[PDB]
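Presented as structure tokens, the chain that follows is alone, the form deposited in one PDB entry.
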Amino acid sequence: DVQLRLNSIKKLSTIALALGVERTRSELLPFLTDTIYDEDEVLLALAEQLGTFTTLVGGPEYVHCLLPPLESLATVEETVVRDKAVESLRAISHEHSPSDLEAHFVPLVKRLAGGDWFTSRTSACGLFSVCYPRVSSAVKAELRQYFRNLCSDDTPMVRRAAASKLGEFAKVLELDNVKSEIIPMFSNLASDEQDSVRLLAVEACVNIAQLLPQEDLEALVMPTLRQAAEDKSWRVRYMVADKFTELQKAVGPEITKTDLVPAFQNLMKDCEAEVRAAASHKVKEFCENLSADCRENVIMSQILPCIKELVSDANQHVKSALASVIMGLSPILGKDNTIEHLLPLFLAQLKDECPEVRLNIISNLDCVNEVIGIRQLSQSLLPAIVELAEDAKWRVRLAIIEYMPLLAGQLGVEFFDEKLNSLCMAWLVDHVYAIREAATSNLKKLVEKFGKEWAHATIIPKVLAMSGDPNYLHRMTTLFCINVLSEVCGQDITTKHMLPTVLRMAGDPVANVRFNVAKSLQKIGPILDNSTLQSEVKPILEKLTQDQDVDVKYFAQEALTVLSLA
């Protein structure tokens, strides 16, 4: 049976624990090595189980007995079990002693790298870094030779594995050998006939440039980086654009001004939409990480003219990516540069036809608010925001509602009551329940920012007059607003202005509003005075407990229980 065998292999840990320390090496391990050869499920389970047998086998001094079965298990064709076996091998290699590493593990990786089939070579490709920096000089050198052999192998799959693991292997090699052995093989991989290997070489280029001194970077890595940036493969160009930030951080501040800025301009001016979007994704971070002595000048002279054209790109993903970070460079440019150049771009992206673009461009409005004055913001972008407050896309409306409390607090009560209270009140009668609840939360934030008297004088009648709406959605909306405002309006306002409305509306024909009234009374109950709770709240609740609906009866009983009016 497959399932019983799977469970038994999973309980192999308990079985080996019950077995003695020496006999689990004498019988159990050879039995797994020899007898078992079965379905991929049980093979993968065995691979998982063998990864934690270090302490059970007798300690680090005898962990080498797990090499025979792991070697046979790392050449399995399926990838899900081969990968598990290879991580098991990596994990085991740490506990190996330096003395027996060159006697049992190095021969194992030597045999696996010399396997007839590609699965064994691919598995062996991932074991070089975990055993390199602990062996002697001759063993290292032969390990480097066999790694070069794997890198120059005929099969593109193991070539892909070598390109993937090249950076990790180079992270543990000395500088002189990296300059002399890792660099030529990295250059050879970067010129492979397969773009699927060229892009991995591009990725390893960042790590290779990480540990090298700045003096020889230009003469060693940079021509390769340029030829990779100007590659004919859109995938390689995309990977270069994605890793551009890491490349800039690695290279060092100087060579960036010389060469990466033209490279970035070329990448953003590429006929591939995916590459353009990937390059636009880094358009803020690259400008942020520039040299301080000429950051503003370099940006103003190279990047802004390019993003001016990107703004009006045909594709939508690139536009969204650019809008997600366009205000990221406003503080770097400064107030005058922002008002001169970025503001038309902000307006154009706010008026764009893409809902994702509008959401992204709105989402970072505080960053530009902290740079320019609030007077400038209200003079320039306020018409755009008030026009967009009635946008067809409720996601955009939600974003504007979320932004609203900060804008109102910065603008002031005199400005708000004259040019935003109408919008805020109109948000409460919207057709979207999410928008309505967001409006209630924004109203709570507004009352918190502006005080109780302002609410009682301006917005309490506005939300109280809504209880007469024939639509029961809007009727419950009044209950939601009262629920939201009760905890801030204070006991006096709560018991003098919104108790009568809830008490009167407790007799609504619709059972939905009828039990929402009970829920609201339960929630706002603690804020009320005890005299009111016993004298005006209890009779309506006990009247509601006699209603014909089951949901209304249940909610009324629950309110009685929690509110302690039973």
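The first residue of the sequence shown is number 1, and the count goes up from there. Take the two forms, find the largest set of C-alpha atoms that superpose within 1.5 Å, and that set is the rigid core.
Another form exists, deposited in another entry; not displayed. Remarks below refer to it.
- Taking 2 Å as the criterion, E453 counts as shifted between this form and the one not shown: its C-alpha moves by at least this amount when the rigid core is aligned.
- Relative to the superposed rigid core, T495 undergoes a CA displacement of at least 2 Å between this form and the one not shown.
- CA of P331 to CA of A399: farther apart by 3 Å or more in the other form than in the shown form.
- Between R395 and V325, the Cα spacing is larger in the other form than in the shown form, differing by no less than 3 Å.
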